[PDB]
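**Q** Before I ask anything, let me first share the structure, which is written out below as structure tokens.
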Amino acid sequence: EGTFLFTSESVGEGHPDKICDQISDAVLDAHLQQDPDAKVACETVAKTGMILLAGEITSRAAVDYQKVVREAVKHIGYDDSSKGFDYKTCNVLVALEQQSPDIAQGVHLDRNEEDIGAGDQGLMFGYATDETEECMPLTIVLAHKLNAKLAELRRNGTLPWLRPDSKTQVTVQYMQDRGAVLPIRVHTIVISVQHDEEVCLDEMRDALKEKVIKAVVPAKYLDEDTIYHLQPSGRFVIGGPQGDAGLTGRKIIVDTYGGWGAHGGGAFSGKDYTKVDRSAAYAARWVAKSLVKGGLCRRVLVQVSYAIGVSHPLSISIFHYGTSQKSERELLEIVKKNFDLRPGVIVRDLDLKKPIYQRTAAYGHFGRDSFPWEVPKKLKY
Amino acid sequence: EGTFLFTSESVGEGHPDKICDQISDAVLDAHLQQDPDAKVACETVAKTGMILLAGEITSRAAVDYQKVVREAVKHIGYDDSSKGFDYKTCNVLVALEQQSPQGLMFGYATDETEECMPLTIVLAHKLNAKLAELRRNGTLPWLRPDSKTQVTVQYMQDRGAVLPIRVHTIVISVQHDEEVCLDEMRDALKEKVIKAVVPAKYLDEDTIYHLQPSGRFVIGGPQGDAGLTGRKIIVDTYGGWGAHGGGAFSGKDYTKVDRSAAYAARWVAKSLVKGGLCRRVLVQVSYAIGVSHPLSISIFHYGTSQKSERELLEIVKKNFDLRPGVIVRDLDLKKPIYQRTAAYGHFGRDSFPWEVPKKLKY
Amino acid sequence: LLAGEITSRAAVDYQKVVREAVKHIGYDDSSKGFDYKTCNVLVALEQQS
Amino acid sequence: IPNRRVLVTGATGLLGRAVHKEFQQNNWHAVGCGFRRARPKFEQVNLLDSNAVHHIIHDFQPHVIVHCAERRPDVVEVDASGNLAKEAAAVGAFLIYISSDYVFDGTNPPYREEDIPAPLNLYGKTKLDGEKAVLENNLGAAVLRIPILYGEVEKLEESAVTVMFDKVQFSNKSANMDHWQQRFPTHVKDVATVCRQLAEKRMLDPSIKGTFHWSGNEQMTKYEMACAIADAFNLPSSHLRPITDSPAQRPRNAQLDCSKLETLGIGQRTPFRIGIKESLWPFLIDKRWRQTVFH
Ligand SMILES: Nc1ncnc2c1ncn2[C@@H]1O[C@H](CO)[C@@H](O)[C@H]1O
């Protein structure tokens with residue numbers, strides 16, 4: 001047949017590499033409140049006792065970094081030596097400078113806003129698939145919503161023995177179909193998630209399966225052979241930044257398409273609208289969703305690239321996996337007519353100065369209701 | 001038509017995110033060179049005057065991190081306060097938690113270059129390495145370590161494979177001194193660098209040049225931006241081409257499938273194409289929990305093979321042992337080599353094992 | 001945080017030293033402000049032989 | 001959120017994917033089933049498993065049912081067909097047993113809702129056996145008959161009209177094409193609608209049955225279809241031999257007669273220009289070369 005397997009993963013708010021992605025976006029949000037024109041590249045580190053901030057910021061705003069970090073760590077749910085970590089008593093080192101003068105003069109100074117140049121150079125992709133309502137790959141959609149379900153149940157209390165670190169791998173048996181891909185059945189699910197001392201191992205799997213999995217996954221994709229590795233580590237209560245090493249932007253395939261389509265390198269969190277690693281990556285997603293929802297293809301991947309201090313993209317590229325009647329140039333030409341993909345227009349079109357980034361820090365940036373880039377444009381061809 | 005664009009990027013040795021990647025594998029080299037069964041997840045954060053080492057280690061080794069850190073920075077070429085950084089003064093904090101005793105990997109290869117790599121990233125790497133070379137001759141003595149490059153190729157689709165027709169746009173930004181004037185640099189980047197690196201057939205008079213489009217690049221290195229280990233994984237792998245589950249390579253030891261199985265996946269895919277069976281291929285190995293052997297393997301040959309996937313797969317099963325334990329043995333993954341990988345990409349390089357095709361009996 | 005120059009043959013588990021001392025002093029839970037189990041330990045010693 | 005119910009057998013196959021979806025875009029609670037490729041889109045139910053069949057008819061409570069139950073050629077050479085009518089009639093479900101024109105001789109056009117059946121082959125015959133079986137186990141059932149079906153296919157072999165497309169594309173190969181035997185292409189999307197309206201009209205008349213005929217108004221042969229198909233994508237047409245030989249089993253025409261069924265405002269006919277052009281664009285060479293999991 002054309003039957004392949006495929007796996008994508010997500011992680012919980014309280015996984016180190018996602019604590020940083022989220023703290024960084026907190027500091028971003030912070031600055032944007034008092035100053036929407038703040039420039040922010042805040043990379044964050046989480047070691048056993050430590051959250052260290054590092055990066056560069058230009059922002060009129062003054063921010064209490066101690067508070068923003070600790071408030072977000074608290075929101076994440078780490079508050080005792082019982083758990084790995086505790087906002088009340090943790091080390092917070094700051095190493096934030098003013099920003100490089102050589103970027104300022106040749107990126108954002110003395111320029112009519114629609115013609116500000118790229119913050120950096122680089123390449124960004126953006127992808128879409130008719131395989132789900134949200135135009136995202138089932139694998140990565142299910143994967144995220146498991147860690148979402150987990151956290152929701154942690155917070156509202158029905159599963160109080162839950163603790164914020166988690167990981168979820170979701171393997172699906174797919175089938176080709178005139179270029180598009182058709183999910184058939186969930187082949188394997190894995191869930192390790194940090195737990196309390198009290199609750200025993202066999203109530204936890206019983207729980208994961210009926211409270212979490214069954215809620216999230218439509219029974220159509222499950223059958224008898226569907227395999228479940230729920231808490232296959234066992235002794236996962238010692239969990240979080242303790243023992244470990246977090247960094248912002250070490251979960252970029254989780255942050256996006258769970259390994260589908262493509263990715264051009266750029267990390268999202270801790271960066272503002274001038275960093276095209278983020279802005280043009282939300283835009284390219286906007287494009288590829290708008291094309292699919294507008295019925296032009298069932299499946300599409302889009303690439304753009306920028307050069308530092310240059311407003312227009314250096315190259316747009318459309319691959320439609322043979323799923324459109326229109327050729328690939330025909331879609332590309334439609335995209336020229338309907339999108340201005342300079343970083344100064346994208347900020348308007350998607351409102352990228354509002355302090356909303358801490359939502360995007362976990363459970364993925366793409367395929368979610370509220371986000372500006374997820375609202376397809378009515379296209380005029 | 002059936003003509004398209006595609007772009008890829010690389011960075012020079014001096015880039016803060018890549019500085020970090022070198023130091024993490026420098027630290028790995030250093031440990032294995034004593035205990036060759038060392039277990040290592042070494043992060044490195046680099047920022048103005050700081051190198052921070054973080055994350056679990058288990059080893060029998062005694063490593064003078066000061067020596068390791070500084071010897072890498074010295075090598076990379078940051079030796080005076082004027083460049084923004086100096087291995088003689090830089091602060092070296094260390095937060096490693098030593099002791100003393102699942103998913104999916106992708107490989108890719110293409111017929112479009114001698115090294116079986118998407119042309120876009122090949123040229124991007126060569127430009128950064130060329131710069132570094134010229135810096136280290138003192139042919140271009142006004143060079144500095146941090147740089148960046150991006151190459152947009154104009155391809156043609158052809159029967160599942162891709163045909164590079166021309167270079168369409170090249171971007172180079174490199175850190176320089178405050179003496180040399182702007183024209184001298186852009187005139188040097190074109191002739192002594194780009195024209196030395198790129199086949200003259202792919203260059204013509206429409207090829208768009210962005211040489212120091214930043215305008216002025218004196219402040220850089222860990223100064224100009226924060227740097228972190230494993231933040232350039234698409235530069236480290238296939239430049240946007242192929243696929244990527246999401247493994248950061250550097251600072252991890254051979255016991256990390258993310259790194260070892262990735263290397264083998266490349267080894268395979270390259271062998272297949274070098275072996276005359278495919279023009280292009282992606283190889284997708286999915287390890288599951290409780291299996292020495294890869295549970296599944298899919299081979300996407302973009303229809304460039306006279307053989308079926310099943311046919312192609314079988315060849316692999318009877319040529320390759322992809323049990324993690326065997327991979328480390330077959331590819332000699334206990335040598336203090338890894339620092340050499342952490343710059344100009346892990347794939348497409350001849351010194352490396354996983355880049356030497358296994359000749360295929362089938 | 002540890003700072004400053006040493007010259008020695010001994011190899012020393014600074015993690016161990018710093019934590020077993022902080023325990024003996026009696027900082028055992030984050031209820032108290034400090035904990036030998038959860039605290040960061042940075043080392044910045046400049047050691048030769 | 002809809003009330004009255006439809007079950008579609010062979011809803012994994014070409015005819016049934018249209019039948020099921022055509023009900024379920026005009027407010028019906030629609031549930032197709034199939035033996036193969038059922039999950040996730042349809043229920044898993046083997047027709048020759050007599051227990052499982054009633055198990056789903058019981059549970060769901062279908063007011064109207066539509067049997068279709070392949071890889072077309074064949075076009076050269078059952079019985080739970082009717083066992084379904086037994087079970088379907090019990091629960092008060094109007095069964096529509098889709099059948100082939102191949103039940104006939106093929107000597108005078110047309111053939112009527114009434115005419116004498118005389119099958120010349122394996123296939124033709126056992127489609128008759130199914131009509132008896134269906135109808136005598138329950139004389140409250142329509143035997144809606146159809147000609148050759150093209151439709152919007154997933155693999156070419158799903159239709160005897162579509163299998164030809166490879167032949168039509170490659171000029172470098174020459175192949176022959178059957179002109180001896182007359183043919184009658186019909187969209188499954190149209191049969192989907194005739195099946196839908198012959199059900200919404202089982203209330204506006206509470207007793208309809210006793211055989212029904214439906215076809216498309218576009219007379220062609222394998223060859224004449226092929227050249228339309230070239231002319232839809234604008235391809236070279238002249239690598240294609242006609243024939244009037246018999247490379248001896250098939251009918252040489254049948255043609256259906258849709259008097260009764262047209263009468264009640266029950267019909268739809270998508271032109272073959274478009275019908276087929278919309279079906280076969282994904283199997284253009286250039287689109288096939290472009291259809292891979294990764295770019
Ligand atoms: N003035 C500049 N022009 C172009 N690139 C730069 C400049 N300053 C820093 N960079 C590069 O871009 C990244 C952050 O913008 C840094 O890691 C560095 O490699």
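Each chain of the structure tokens is named A, B, ... in the order shown, its residues numbered from 1; ligands are numbered from 1 in display order.
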Residues within 6 Å of ligand 1 should be enumerated using only C-alpha atoms and all ligand atoms and returned as number ranges by chain.
**A** A: 102-103, 120; B: 15-16, 146-147, 173, 214, 216-217, 220, 224-225
**Q** With a distance threshold of 12 Å and counting only C-alpha atoms, extract the residues of chain A near chain D and express them as a VMD selection string.
**A** chain A and resid 1 to 6 125 127 129 173 to 186 218 to 223 259 to 263 297 to 303 317 to 328
**Q** Define the interface residues of chain C facing chain A as those within 9 Å, counting only C-alpha atoms, and report them as a list in words.
**A**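 In the required form, that comes to residues 28, 29, 30, 31, 32, 33, 34, 35, 37, 38, 39, 40 and 41 of chain C.
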**Q** Could you dump the residues just selected with C-alpha atoms as a PDB file, in the first residue's frame?
**A**
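Okay, again_30.pdb is ready:
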```
ATOM      1  CA  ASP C  28      16.528  21.120  54.080  1.00  0.00           C
ATOM      2  CA  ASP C  29      13.209  22.451  52.654  1.00  0.00           C
ATOM      3  CA  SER C  30      12.210  25.351  50.431  1.00  0.00           C
ATOM      4  CA  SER C  31       9.847  26.198  53.332  1.00  0.00           C
ATOM      5  CA  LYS C  32      12.914  27.721  54.970  1.00  0.00           C
ATOM      6  CA  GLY C  33      14.336  29.764  52.035  1.00  0.00           C
ATOM      7  CA  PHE C  34      17.083  27.367  51.093  1.00  0.00           C
ATOM      8  CA  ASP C  35      17.560  23.668  50.398  1.00  0.00           C
ATOM      9  CA  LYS C  37      18.685  19.520  47.375  1.00  0.00           C
ATOM     10  CA  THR C  38      17.276  22.272  45.092  1.00  0.00           C
ATOM     11  CA  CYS C  39      19.846  25.106  45.236  1.00  0.00           C
ATOM     12  CA  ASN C  40      21.986  26.131  42.262  1.00  0.00           C
ATOM     13  CA  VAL C  41      25.704  25.569  42.646  1.00  0.00           C
TER      14      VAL C  41
END
```
**Q** Could you list, as a list in words, every residue within 6 Å of residue C:22, counting only C-alpha atoms and ignoring same-chain residues fewer than 3 positions away?
**A**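 Everything that qualifies: residues 19, 25 and 36 of chain C.
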**Q** If you run DSSP on this backbone, which residues of stretch 29-175 of chain D come out as strand (DSSP E or B), and could you give them as a count of residues only?
**A** 22
**Q** How close does each residue of chain A get to chain B, giving the shortest atom pair and distance in Å to one decimal for every residue with an atom at most 7 Å away, counting only C-alpha atoms, sorted by chain and residue number, as a Markdown table?
**A**
```
| residue | atom | partner | partner_atom | distance |
| --- | --- | --- | --- | --- |
| A:4 | CA | B:298 | CA | 6.7 |
| A:7 | CA | B:104 | CA | 6.7 |
| A:43 | CA | B:226 | CA | 7.0 |
| A:47 | CA | B:54 | CA | 6.9 |
| A:54 | CA | B:226 | CA | 6.3 |
| A:55 | CA | B:226 | CA | 5.1 |
| A:56 | CA | B:225 | CA | 6.9 |
| A:100 | CA | B:224 | CA | 5.4 |
| A:102 | CA | B:217 | CA | 6.2 |
| A:106 | CA | B:214 | CA | 5.5 |
| A:122 | CA | B:9 | CA | 6.4 |
| A:123 | CA | B:8 | CA | 6.7 |
| A:243 | CA | B:56 | CA | 6.6 |
| A:244 | CA | B:55 | CA | 5.6 |
| A:245 | CA | B:55 | CA | 4.8 |
| A:249 | CA | B:231 | CA | 6.8 |
| A:250 | CA | B:231 | CA | 6.6 |
| A:253 | CA | B:246 | CA | 5.5 |
| A:259 | CA | B:245 | CA | 5.1 |
| A:262 | CA | B:240 | CA | 6.2 |
| A:263 | CA | B:240 | CA | 5.9 |
| A:264 | CA | B:240 | CA | 5.1 |
| A:265 | CA | B:234 | CA | 5.2 |
| A:305 | CA | B:7 | CA | 6.8 |
| A:307 | CA | B:171 | CA | 6.9 |
| A:308 | CA | B:214 | CA | 5.8 |
| A:309 | CA | B:214 | CA | 5.6 |
| A:315 | CA | B:5 | CA | 6.5 |
| A:317 | CA | B:5 | CA | 5.9 |
```
**Q** Would you mind exporting C-alpha atoms of the selected residues as a PDB file, in the first residue's frame?
**A**
```
ATOM      1  CA  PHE A   4       3.594   4.820   6.554  1.00  0.00           C
ATOM      2  CA  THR A   7       5.246  10.235  15.204  1.00  0.00           C
ATOM      3  CA  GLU A  43      17.098  33.636  25.814  1.00  0.00           C
ATOM      4  CA  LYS A  47      19.388  24.432  35.666  1.00  0.00           C
ATOM      5  CA  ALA A  54      20.466  36.419  28.857  1.00  0.00           C
ATOM      6  CA  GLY A  55      19.946  38.586  25.808  1.00  0.00           C
ATOM      7  CA  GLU A  56      19.443  42.150  24.709  1.00  0.00           C
ATOM      8  CA  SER A 100      23.675  46.055  19.557  1.00  0.00           C
ATOM      9  CA  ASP A 102      24.988  47.915  14.494  1.00  0.00           C
ATOM     10  CA  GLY A 106      20.372  48.870   9.876  1.00  0.00           C
ATOM     11  CA  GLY A 122      17.159  33.354   7.347  1.00  0.00           C
ATOM     12  CA  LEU A 123      14.482  30.982   6.081  1.00  0.00           C
ATOM     13  CA  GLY A 243      18.900  17.474  37.464  1.00  0.00           C
ATOM     14  CA  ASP A 244      18.306  19.033  34.053  1.00  0.00           C
ATOM     15  CA  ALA A 245      19.227  21.805  31.632  1.00  0.00           C
ATOM     16  CA  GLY A 249      14.304  27.321  21.480  1.00  0.00           C
ATOM     17  CA  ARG A 250      15.412  23.717  21.886  1.00  0.00           C
ATOM     18  CA  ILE A 253       9.762  21.011  16.021  1.00  0.00           C
ATOM     19  CA  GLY A 259       8.079  17.266  12.145  1.00  0.00           C
ATOM     20  CA  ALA A 262       9.728  21.607   6.950  1.00  0.00           C
ATOM     21  CA  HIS A 263      11.440  24.047   9.254  1.00  0.00           C
ATOM     22  CA  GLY A 264      14.107  26.628   8.432  1.00  0.00           C
ATOM     23  CA  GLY A 265      15.839  26.820  11.834  1.00  0.00           C
ATOM     24  CA  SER A 305      13.547  33.971   3.215  1.00  0.00           C
ATOM     25  CA  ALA A 307      18.127  39.275   4.465  1.00  0.00           C
ATOM     26  CA  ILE A 308      18.968  41.513   7.385  1.00  0.00           C
ATOM     27  CA  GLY A 309      18.022  45.130   6.662  1.00  0.00           C
ATOM     28  CA  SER A 315      12.356  34.194  -2.269  1.00  0.00           C
ATOM     29  CA  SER A 317       8.366  29.167  -2.743  1.00  0.00           C
TER      30      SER A 317
END
```
**Q** Within 7 Å of chain C, which residues of chain B are there when counting only C-alpha atoms? Please give them as number ranges by chain.
**A** B: 92-95
**Q** Residues of stretch 18-47 of chain C in helix (DSSP H, G or I) according to DSSP, as a ChimeraX atom specification?
**A** /C:18-25,30-32
**Q** Take the residues from that selection and put them in a file with C-alpha atoms, as a compact mmCIF listing (two decimals), in the first residue's frame.
**A**
```txt
# COMPACT_ATOMS: atom_id res chain seq x y z
CA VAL C 18 28.62 22.44 48.98
CA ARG C 19 25.49 20.33 49.41
CA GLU C 20 26.53 18.16 52.36
CA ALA C 21 27.62 21.33 54.18
CA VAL C 22 24.34 23.13 53.39
CA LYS C 23 22.49 20.08 54.78
CA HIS C 24 24.58 19.87 57.98
CA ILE C 25 23.73 23.52 58.58
CA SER C 30 12.21 25.35 50.43
CA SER C 31 9.85 26.20 53.33
CA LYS C 32 12.91 27.72 54.97
```
**Q** Mind checking which residues fall within 9 Å of residue B:134, counting only C-alpha atoms, ignoring those fewer than 6 positions away in the same chain, and posting them as a PyMOL selection string?
**A** chain B and resi 140-141+143+192-193
**Q** Would you save the residues from that selection as a PDB file, in the first residue's frame, using N, CA, C and O atoms?
**A**
```
ATOM      1  N   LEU B 140      42.641  38.059   4.135  1.00  0.00           N
ATOM      2  CA  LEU B 140      41.719  39.090   4.580  1.00  0.00           C
ATOM      3  C   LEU B 140      41.887  39.217   6.104  1.00  0.00           C
ATOM      4  O   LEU B 140      41.187  38.545   6.878  1.00  0.00           O
ATOM      5  N   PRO B 141      42.834  40.075   6.535  1.00  0.00           N
ATOM      6  CA  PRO B 141      43.184  40.205   7.942  1.00  0.00           C
ATOM      7  C   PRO B 141      42.176  41.054   8.704  1.00  0.00           C
ATOM      8  O   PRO B 141      42.202  41.081   9.930  1.00  0.00           O
ATOM      9  N   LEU B 143      39.102  40.431   8.694  1.00  0.00           N
ATOM     10  CA  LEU B 143      37.985  39.551   9.018  1.00  0.00           C
ATOM     11  C   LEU B 143      37.897  39.359  10.511  1.00  0.00           C
ATOM     12  O   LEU B 143      38.888  39.531  11.218  1.00  0.00           O
ATOM     13  N   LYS B 192      37.381  37.278  -3.954  1.00  0.00           N
ATOM     14  CA  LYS B 192      38.195  36.315  -3.176  1.00  0.00           C
ATOM     15  C   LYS B 192      37.409  35.230  -2.429  1.00  0.00           C
ATOM     16  O   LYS B 192      37.971  34.168  -2.123  1.00  0.00           O
ATOM     17  N   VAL B 193      36.141  35.502  -2.115  1.00  0.00           N
ATOM     18  CA  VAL B 193      35.280  34.529  -1.430  1.00  0.00           C
ATOM     19  C   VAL B 193      34.313  33.866  -2.427  1.00  0.00           C
ATOM     20  O   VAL B 193      34.578  32.758  -2.903  1.00  0.00           O
TER      21      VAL B 193
END
```
**Q** For residue D:198, find every residue with an atom within 9 Å (counting only C-alpha atoms), except residues of its own chain fewer than 6 positions away, and show them as a count of residues only.
**A** 6
**Q** Near residue B:32, within 10 Å and counting only C-alpha atoms, which residues show up once chain neighbours fewer than 6 positions away are dropped, as a PyMOL selection string?
**A** chain B and resi 38-40+59-61+253+333-337
**Q** Please produce, as JSON lines, a per-residue contact table for chain B versus chain D (criterion: any atom at most 7 Å away, only C-alpha atoms considered), showing the nearest atom pair and its distance in Å to one decimal, sorted by chain then residue number.
**A**
```
{"residue": "B:159", "atom": "CA", "partner": "D:289", "partner_atom": "CA", "distance": 6.6}
{"residue": "B:160", "atom": "CA", "partner": "D:289", "partner_atom": "CA", "distance": 6.1}
{"residue": "B:242", "atom": "CA", "partner": "D:294", "partner_atom": "CA", "distance": 6.9}
{"residue": "B:302", "atom": "CA", "partner": "D:292", "partner_atom": "CA", "distance": 6.6}
```
**Q** Keeping N, CA, C and O atoms, export the residues of the selection given above as a PDB file, in the first residue's frame.
**A**
```
ATOM      1  N   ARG B 159      11.824  14.643 -12.807  1.00  0.00           N
ATOM      2  CA  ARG B 159      11.576  13.217 -12.569  1.00  0.00           C
ATOM      3  C   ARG B 159      11.895  12.815 -11.118  1.00  0.00           C
ATOM      4  O   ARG B 159      12.624  11.845 -10.863  1.00  0.00           O
ATOM      5  N   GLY B 160      11.354  13.588 -10.179  1.00  0.00           N
ATOM      6  CA  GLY B 160      11.547  13.331  -8.757  1.00  0.00           C
ATOM      7  C   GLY B 160      12.812  13.911  -8.145  1.00  0.00           C
ATOM      8  O   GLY B 160      12.886  14.075  -6.926  1.00  0.00           O
ATOM      9  N   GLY B 242      14.802  17.676   3.197  1.00  0.00           N
ATOM     10  CA  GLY B 242      14.541  16.489   3.986  1.00  0.00           C
ATOM     11  C   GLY B 242      13.563  16.767   5.111  1.00  0.00           C
ATOM     12  O   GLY B 242      12.520  17.385   4.902  1.00  0.00           O
ATOM     13  N   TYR B 302      11.387   9.627  -3.693  1.00  0.00           N
ATOM     14  CA  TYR B 302      10.737  10.559  -4.622  1.00  0.00           C
ATOM     15  C   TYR B 302      10.523  10.003  -6.052  1.00  0.00           C
ATOM     16  O   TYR B 302      10.495  10.765  -7.024  1.00  0.00           O
TER      17      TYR B 302
END
```
